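Letters A, B, C, D, E, F, G, H, I and J mark the chains as written, and numbering starts fresh at 1 in each.
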Amino acid sequence: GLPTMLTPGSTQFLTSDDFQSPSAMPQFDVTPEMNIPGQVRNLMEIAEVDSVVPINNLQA
Amino acid sequence: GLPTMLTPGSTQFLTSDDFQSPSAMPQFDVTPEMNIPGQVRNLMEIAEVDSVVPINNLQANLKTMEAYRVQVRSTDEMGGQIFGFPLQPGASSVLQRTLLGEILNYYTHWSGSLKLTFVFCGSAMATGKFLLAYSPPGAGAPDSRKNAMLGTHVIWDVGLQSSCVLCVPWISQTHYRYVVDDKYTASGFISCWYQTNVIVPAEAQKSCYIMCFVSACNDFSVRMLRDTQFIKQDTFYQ
Amino acid sequence: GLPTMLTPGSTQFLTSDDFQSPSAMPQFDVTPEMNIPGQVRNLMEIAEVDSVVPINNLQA
Amino acid sequence: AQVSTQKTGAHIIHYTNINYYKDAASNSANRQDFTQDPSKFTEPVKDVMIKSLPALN
Amino acid sequence: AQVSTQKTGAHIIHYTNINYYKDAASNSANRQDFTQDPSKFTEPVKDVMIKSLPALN
Amino acid sequence: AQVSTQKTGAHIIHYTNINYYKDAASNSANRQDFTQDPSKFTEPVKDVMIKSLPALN
Amino acid sequence: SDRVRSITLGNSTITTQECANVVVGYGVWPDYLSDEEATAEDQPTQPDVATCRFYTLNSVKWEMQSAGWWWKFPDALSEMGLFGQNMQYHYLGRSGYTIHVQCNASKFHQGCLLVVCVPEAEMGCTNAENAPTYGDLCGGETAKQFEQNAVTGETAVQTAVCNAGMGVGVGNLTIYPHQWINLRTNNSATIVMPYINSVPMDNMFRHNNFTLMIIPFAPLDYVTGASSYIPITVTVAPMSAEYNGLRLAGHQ
Amino acid sequence: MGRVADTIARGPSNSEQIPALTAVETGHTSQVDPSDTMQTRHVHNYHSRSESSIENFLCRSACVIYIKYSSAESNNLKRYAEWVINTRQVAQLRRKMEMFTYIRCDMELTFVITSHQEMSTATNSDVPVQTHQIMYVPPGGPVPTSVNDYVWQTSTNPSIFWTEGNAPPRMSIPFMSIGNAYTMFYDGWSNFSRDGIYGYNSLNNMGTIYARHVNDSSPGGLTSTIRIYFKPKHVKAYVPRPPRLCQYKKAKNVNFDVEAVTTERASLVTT
Amino acid sequence: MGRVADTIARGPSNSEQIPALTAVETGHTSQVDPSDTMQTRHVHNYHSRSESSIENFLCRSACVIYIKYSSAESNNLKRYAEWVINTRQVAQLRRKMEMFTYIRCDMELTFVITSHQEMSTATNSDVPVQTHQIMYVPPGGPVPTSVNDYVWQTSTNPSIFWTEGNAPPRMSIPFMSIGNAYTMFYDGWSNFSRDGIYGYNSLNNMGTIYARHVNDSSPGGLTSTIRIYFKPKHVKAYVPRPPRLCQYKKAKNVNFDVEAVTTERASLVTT
Amino acid sequence: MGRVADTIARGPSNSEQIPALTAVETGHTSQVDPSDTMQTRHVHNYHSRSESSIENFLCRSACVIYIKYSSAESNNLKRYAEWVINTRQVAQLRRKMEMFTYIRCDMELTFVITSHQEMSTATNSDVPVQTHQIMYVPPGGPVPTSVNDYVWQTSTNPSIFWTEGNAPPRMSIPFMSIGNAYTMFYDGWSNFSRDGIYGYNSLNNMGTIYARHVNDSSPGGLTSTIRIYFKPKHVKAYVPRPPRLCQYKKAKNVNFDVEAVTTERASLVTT
């Protein structure tokens, strides 16, 4: 075949990688999308919302 | 899949390779750069800076400030040789723990000219003249001032300008020399002699000092990275 | 990753191959060439030169 | 082939991706979509509230 | 694809690199940047000192 | 990419090479350079000797 | 002539009539922080002339067996004028400096000093299990002194010029902005240090941006019957001082 | 290119020009060439400073630690190992980086993981090929207290899984200091009081690596040792420093022992 | 880009504008910046919200189960193992997904399969390299009752065959809910009566994984343990929820034990 | 192309032209063809000198040494091995290069690393797959004195890490002589005195290879032997020399024993 050479990390499973892998249901037809209110795209859309602060968090 | 064939060195970890590897923090946003004064891009920006040379590195003087200064005086004769050392800026006791010499001990090769600056640290009423000499090798170190002036030399005249540079030129059979001492790659000899004498008034000191500095010129380069022999350990630091 | 398949001779070391391999001194600056008289490029530049023939190669 | 900018700083910088599969579930995850709309949680009010004005007039 | 000259002598000589990742930290190290500026260590003086002239007039 | 003829007979016939490294020492050996100059060993004489003429006139 | 100079900052001015140029460290002259390198979002106070102006420190006696002196910054100016007051009330500061060393002598005296400003001059300790304490790193306006030979202690700084108090060749403190004062040439050194850090601003008590070290490389020497007291005075002005994070005074 | 200066041809001189004379009381260092002190010929010079770049100097993998762990817990190694990330437990790599005060760089981490059989009173061993996990736990994450606990689920923690008999695994790490460069030397303290930790260890807070066997223990014992290699990449370095003179004592201090500047000579004049 | 807002320069003010004052009785939350409450300088800010996307947050592989099986059947593990697919048997991965009510995503399943030698009275072991099958059986498919039965023919059932000493095997799975998104929380019942299972487990019906050794048993015993890792990809999430406060009890219920809001303090004023 | 000369058709001759007669007292050698000494036909000749290039002659990998090392230190091999780099310890590769006086070339180094079990009084062996390090130490670098010392950190020293059961590892080396070509024969001395080492070994200073097991020793013993293979590439060679007649004695000298020019014949006339 084509001459190739393997480089460090050739068989690793890194949990923060993104690689392509074959689907186990080829040609599967997914359900149509619909609009569901309140789509989140970022966690700074949750962090910028007020939240009551427990400033009186004594033992009792 | 696509027909491929593995070739020698397919699973090796070479420590001098450069290959791409997946990041373990995908989409990580790094801190912005800002200008920090004194950016280094090359180690020949460190080697071309002067560094005080310990030319008086005898056993008693090693842990003291005597190391970096050689006494010079008003002699009752001509005065002989002041110092001399084999040139070899990475293997000589004199030159190898300077900035030039410690950037040299991460490499196995070097080439180019270097410049030894000297400074008279006497009184302003003290004045002298000195013969700063370089002798290319193959005839040994000069043992007289006569033999020292057959080589490359600068006659230094002490005046308002307090320093004088003996630039020592490359002059080598090979394009490079080894950082290690090797008899094939022999690099010559440096010496200093009295050309006149230090002449000084009665009320000013008869003894003075001289320091030496060393740095690379603009034609200087190094090749072939290696571990330095100047740092070591017997167990991990904790 | 990209689908690939290994073919016979994938890990062999053939001594008459020519393949690329990473340098162990990356960015090393070699000495300049100079002209050295008598460059050989072929061994038929050595074979076409006369050589004395031992035609009297008896034991003594 | 799709050529797209890499994540890079601050004050070459592209990569190439080719899809090798017939499904879009096989594709690598989309990590470079940075669209936001915090206003449907942070400001979910019928009348637009102007910051400099009183909340309640 | 980026096509760039190899390190070669003295008195073909290109290689091809394609980046395969979405991060620039994943990229191979830059070894061919040879810019210098020794003057900020070697000559860090307010007034420009001309070599042929006295240092101190 | 460099496309160059293969060694082939006598009485397709190209291959493709791409260099993958930043050094030219990493490259495969040059085996297709067939230049010669035997005359500096075989005829290293100051005066050109013509074959049909006497060597020594 | 090149030997005469004045530097005017604020309501202070220094004159020299022997000097060996001015070193601008790393070729960068002090300036205020830009909007593209900022990260503190409150308005910076810039007291200008009231903080930027020469402050003369306590003088040290140069002796024949002296091994050197050091002052850490900004903690040598922590009680100096309104520069030191704006350190008290602010979390962040950021300043460049012009450091000017004075040491005149007669023409029948000899000696040579290295005057060097070392960024991030973290120092060792006599005992290898312990950190040096603040009283041994810093004297404020008073200098801490190097010793000729090795010292012992528990929290004492390891002082010994050969190691420079940092475990490095003392002769190699020349890649740092530096001048020499050689008594047969010049009587003053001037270094202009920019602000150098890896953060755009930092607290002024918890961190020392650089240390000025003055180290004799050729001992003081003179014939008896000449002046035997020769001081070294360090007068240093802030430049482009600005501060952020105003709150109550203190630092604890 | 990184090519060096050519030598320029020069004849006899006799002038009031004085390139040789200078004052070193300026911070400036002389710019003299051989073409100022003697005759000289023109030399066209092709030498390069290519390999003396800081991105070639620092860009070779260096071992920074190794740590051991054992299936049996034979010799007090536990069933997992840990290492607080730093670059200061090894002399060689540390010295190279400490020639600079600030460095910003990306890293490339390569792991060389090996195992060996241990003495045991077990008879008959036919232990499967080991798999190992290497987990990076960012500051303030939960930490292993055993080999079996919930922390090894790696739901957000970056992790490598690798099986023996394969190429060494590697991952890139980006620049990730709080500051705009890593700080090699810090002349401050961690408290405004000016107490607590002094030195660069104040600013050290780079998380912890944990490593275990993923396979359950077999009747004998295996110890695995993992060697961690860092290679700087994409480097910019600032503020050159002297190389170290003294041997290090500690990985959190610079404390040093007083040592000689240079080695002995017999006299001022040697050949 | 995901770059954040710049700070805007602001001077002294004295006006009837009141950015600071607001009513929180509106569902609206204040939009105040520092440029409304004090002076402020202009800061050009290059920070990004790149890694706080939901497709970077959820897109790291997390262990969801492990299950064991044994050649010998040494310790009651059978010769095959099974797992009813769910995401709720692990705390860490579950919590991240339960910050949303509906999620549609594709998955990527990676398996980390290890084996170990077991105690036995067997002598002489030289067991070949194990091969393993991982079979996915969609709802209402025939199921293994033994390691040898006809169900492992995998004529329509998706299946992986993998041999030890190789890279972990993985397969993508597409979005495959009956609905238009997966349901993390269901406030309904499975009956119109309002009886039966209550909660999200009503809508859980995602099939079963089975895993066996493909090799016939050898005279000793090997136990193999397979760890299953799910990584969300291509995610859209809807309806943010609070993160969990309480530890979970059960993988089919949300039942919880009453727990403290926050940790103790000595008093209202602490330093 | 490298194609050879065609034969040219030639008829009867009778002229004062004398191609056959020449003087060999000139350094020149005759240029006669068959077309000068007899009739001859035209032959179009397609033969090539392609494989008789010096870059095909020298460009096949040749073993230059092997060196052994042992985990147990069974038979005085230590736990690491060393070799001062040279090309002169093997007859075959040496002879090919010594047909030239100066050669500049790049090298390609391939290593063939094998291990074998040793006799021991140990019982029960199940030793993991060995990993090995091959470290190149340039001249004047620190050297191993043990298998455990700091020199194997390889912070600037080039190094290979390789695990058994994989393709032989290789690395290119560039041209790296101090001179503008490697020197095969040096008729000088290393001293100006004309003392010390004489010969080509004066100019030999090519560093040292070290090789160890990276794995800790296991209860039995393994010896590993590493065979080093050099292949010239990108060659230019200068100054042809005779091939050797005599067998070599030493790897640092050319000293030789007097040997016969050719083999015997019975008489001047043989058939």
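What we mean here is this: a contact is a pair of C-beta atoms (placed from the backbone, for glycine too) under 8 Å apart; a residue touches a chain by one contact, two chains touch by 3 or more.
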item	value
Co-neighbours of chain G and chain D - touch as defined	B, E, I
Shortest path length from chain F to chain G (each step joins two touching chains)	2
Graph separation of chain G and chain H (steps between touching chains)	1
Chain centroid nearest the full-protein CA centroid	H
Most contacted chain pair (by C-beta pair count)	B-H
Rounded Å distance, chain A centre to chain G centre (Cα mean)	53
Computed distance of Cα centres, chain J from chain B, in Å	38
Computed distance of Cα centres, chain G from chain E, in Å	33
Contacts with two or more other chains, residues of chain B listed in rising order	2-34, 36-39, 41-42, 44-46, 48-50, 54, 62-63, 67-68, 97, 99, 102, 106, 119, 160-162, 175-176, 213, 215, 221, 223-225, 227-228, 232-233
Shared interface positions of chain D, touching two or more other chains	7, 9-11, 20, 23, 25-29, 31-34, 36, 41-42
In chain G, residues with contacts to at least two other chains	20-21, 23, 25-28, 36, 150, 160, 162, 169-172, 175, 177, 180, 182, 185-186, 196, 198, 200
Residue ranges of chain A in contact with chain I within the complex	10-13, 15-16, 18, 20-25, 28, 30-34, 36-46, 48-50, 54-59
Interface residues, chain D side, partner chain B - complex	7, 9-11, 31-32
Residues of chain D that touch chain I when the two form their complex	7, 10-11, 23-34, 36, 41-45, 49, 51-56
Interface residues, chain F side, partner chain E - complex	1-2, 18-24, 26-27
Chain J - residues contacting chain C, complex	2, 24, 29-30, 49, 52-54, 57, 59-62, 99-100, 102, 104, 108-110, 112, 136, 158, 166-168, 170-181, 229, 231, 233, 236-240, 261-268
